[PDB]
Structures are given as structure tokens and as C-alpha cells.
């Protein structure tokens, strides 16, 4: 039985003969065929592309082990990867019809590390087209929640790793791989009671990952426990000699430390009990716990959509935060209610607060380049680097098919995305400039880091804060949010459409660690607790999250996917 089993217990069974790599692959496939495939009562639709060589790779794992030569701690451990990941031999559509026949000619760096370690990819998980959204249906549709069919498995507007969240929580594999541009990593993890880690810039190479916004894309591993997440990072986190596609590891204007310089000697050693929280100071933004009436009191708040508006947290989510704060205080930690200039100075939600568009730290022309010229190059250079003879140029892509609207669903609120994605093909036909010749890049990248220094780094120092904590999301949107107007208003509200922090978290290179905060008593939906801190302080944040996880049993098995 593999339901809610840890990597250590699986490796333990592999070394004792109680199971084999092949038998683990078959155990997970039985749960996929019983809960994930179409025609089943649940039909969660998380695993959308199968790896036909999973059994062949599993047989090779048992052959290496029978010979007393395991490749390492993850030899024979199944996992899933977001459809944005390049997995050699399999398609890489990014959930988009226009790329449905694109074949990965090689692996992504995270997949290359796992394959060399003997880990076997069972398949790829669902996502909206190009990760440009959350719960919108792509070429493979969308994934459903294993905790409550009446609610989404991820934020509707930014939660593109919805398949990775559902699959990991339902034990369709030992762990999962996700990706985040806004909240596509923290979002799905929150609704499924998962542990997630968004690293600082350049810690995990994004080479071989379908980009969305090269300045913000990061690799996000999923795990049902902090122990499992540390098992994963111990293998994937390593220096990558090939920097192609990774903008932050290519640019020379801003210094970025090597991954081998940021990572600890042993990630599993970062685990600790409640002692790691004694004498620590943690700040919780009032805006994420229904304690900031000043949010949204400016003349024209926000920078588009529901940004810059007051967040109404669900009462059942407040009750879990109250018990989470009590656990922190009982462990000797100090929780302080504070402002959050990182969000307020980005969205201009109160009088005097500037926005990223008018503050002057980054030019307006860079923000234009950041989402048009720079992203079009990201799409084009990814196709050129992969090198599929059938499709290796963005100019040769069916534009209108990159993100076609789902007929019968409510129109997108941010704006039209069918013609918006086709525009990137128009730019590729007129000529795309590469990353290193975009004039606004040197000032923009230095301005992004400076923004974090003022709003977060120096801010945390003068407040003597060790980390910043807050509920990952304020509420969950109903599953019918795509067709029900009443549900759309809930799902598209601030704090719900996107995990707390909106774009400023990923825009400024802020590391985060998310852990389950508990399950809502009313609707039985999990909600997470996010730990954020200074850049490249990742080891401390991972330790804090592991310490908080040890003080409670805040994860349950999804009721829709019981053990077979």
C-alpha cells in the first residue's frame, strides 16, 4: 500500500525486499486507473500523459539493486512532473493544443537530475495552456479536487500546477514537480495540503522548463511532508553548466550565487523539532488575516484585476490560523502583526502607497518589455533549444490555438487570451529580439532586486523579523467558477484568484516555503501556511516550516481517494 507513504518508508521497503520498483509503479498506476482515468466515479484527471517506459525503468532499478548497486536514495521512487517539464520521449504541450504534437528531444535539468538518481517519471500532470492561468481547461482539460468535488483544486486565476497538486495529494506518485510564475506553485499546494518550496533566483535551473515570464518562472517541488521535500531537493539542487533559457543565470548585471553555494550540505538535516522556533520573531501581514481595513482605501487601488483591494478571508481559514499562531507561540516564537510594503508598494492599495508602474524603481518600458518582447523570446528560444524538427520556431506555431477559449464558460475577466497569445506568433513573424539585446533589461533587473531590498530586506532587518508568515490563500473558489456567475465572483476576488502576495512574491525573487495549516471544518478543504523571508535565506525558511509541521498532524488523506 502506497497511500500516504513517505519516501523513506518506500526506500526502506525497497532495501528489505518487501517490494520492488516495478511493484511500486503498478501500485500507483492502480490508483490512477481507479481515481484519475475517465469513466471512474471520481475522474480527477490529474495525470494526462503517461510514460510508457515506467515499468522498463523500474525493472532496471530492481536490476541495479539486486546487484547491490543502487543509484542513491531515490532509486526506484516514482514521481510526476508538470506538463511544462521536458521529459525525453514524451510530449511537452504545456497544456496547449498548439503544442499537442511537440516531442521533448531531451530532459529538463530537474528531470535530468532525477533520472540520473534512478527516480522514474510515471507521467505528466494537467495544466492550463502555457500555464497562462489556473483552472482554465487546456488540451487535457483540468484536474479536480480529491478533497471536495464542490471546490477547485487550485486558485482559478493563478494555479496552473493543478494536476501536480491533485496527483501528489492522492498518492498517484511519491512526489511531484510543479512550476510557478505568479502563484501556480503555492496555489495548488494550498488546496491539497502539500509542502512546497519556491527557491530564490538561480537556485534551481529552469532549463528545459516551458517558460511563461522568464523573470519570474521558478521550479517548484511538491511533497506530502517536509521530510519528503528535503529528499527531493537533495538530488535536484545542483549547479547546471548549461545556462540556456535560465535568464537569471545568464545575465551578468545582477550577481546571482551558484546553487552549490546556496544549498546546505544535507537538506534532510534541515529538519528539526519545535526547538528551531524558540526565540524567533515572525511577522504576519494584517492584510491576510482580516485585520487591515486600510487595504483598498486609495482613489484607484490596484494594478489590474482585483489587486490592491481588501481581502476577505474565510472564517474557517481564520480559525486555523489562530491555532497555527498558538502553536508557534507555544514553541517560544513571537508572532507580530505588521504591514506588508512588498504588496502595498506594488499594488498601491492605500493613500501614498506607490505602484510598480509609478514608483520609478523599474521603468514602465521595462514592464512592457517584461511581458511582450522578453516572453516572446522565452517561447521562441525554448522551441529552438528543444529542437523538434516538426516544430522548433515560435513563428511556425498555430497562434489562435495556443490558448483557445473554452466554449460555454464565462469570459475571462483579465481580458481576451485567444488573440493575446496569438500576438506572440505575430511578433515571431515580424522578428524577435533575443534577451541580451533588450535595452530595458539591465536597469529593470537591477530595479527588481532594489525593490526587494527596500520593501523586504531592510524592512525585515529593522523589524528584527526572521520570516514573514500568512495563510497561503484567503478562500477557495467553487468548482463551477467557470460557468456559475456567483462562483466566478468568489473565485475572482482578491486573495482567492491568486494566492496571497499576487505578483510581487515572484516578481521580486522572494523565497517561500508552504506547509499545510489544516483542513477547513466547514467544507473540508485544505489550506496552507506560507513562510517567506529574505533572498537566499532558504535554509532557515525550510527549517522553520519543518519545525512548525512537527508541532501538529495537520494533513489528512483525501476522502475521495481512500486506500485500495
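Positions refer to the first chain, counted from 1.
Inset, instruction - Taking the mean of the C-alpha B-factors per stretch from the entry, tell me the winner out of 492-500 and 513-521. - result: Comparing 492-500 with 513-521, the higher mean C-alpha B-factor belongs to 513-521.
Legend entry - Higher-B stretch (mean Cα B-factor, as the entry records it), 501-509 or 56-64: Mean C-alpha B-factor is greater for 56-64.
Legend entry - Largest Cα B-factor, entry values, listed residues 347, 107, 228, 217: Result of the comparison over 347, 107, 228, 217: 107.
Inset, instruction - Determine which member of 198, 375, 145, 358 has the highest CA B-factor, using the values in the deposited entry. - result: That would be 358.
Inset, instruction - Place residue 24 in the lowest, middle or highest third of its chain's C-alpha B-factors, as listed in the PDB entry. - result: Ranked within chain, residue 24 CA B lands in the highest tercile.
Legend entry - Chain-relative CA temperature factor third for residue 459: It belongs to the lowest third of the chain when residues are ordered by C-alpha B-factor.
Legend entry - Chain-wide C-alpha B factor ranking for residue 36, given as lowest, middle or highest third: Its C-alpha B-factor belongs to the lowest third of this chain's values.
Legend entry - Modelled-residue ranking by C-alpha temperature factor, third containing residue 533: Middle third.
Inset, instruction - Name the third of the chain's ranked CA B-factors that contains residue 337, choosing lowest, middle or highest. - result: Lowest third.
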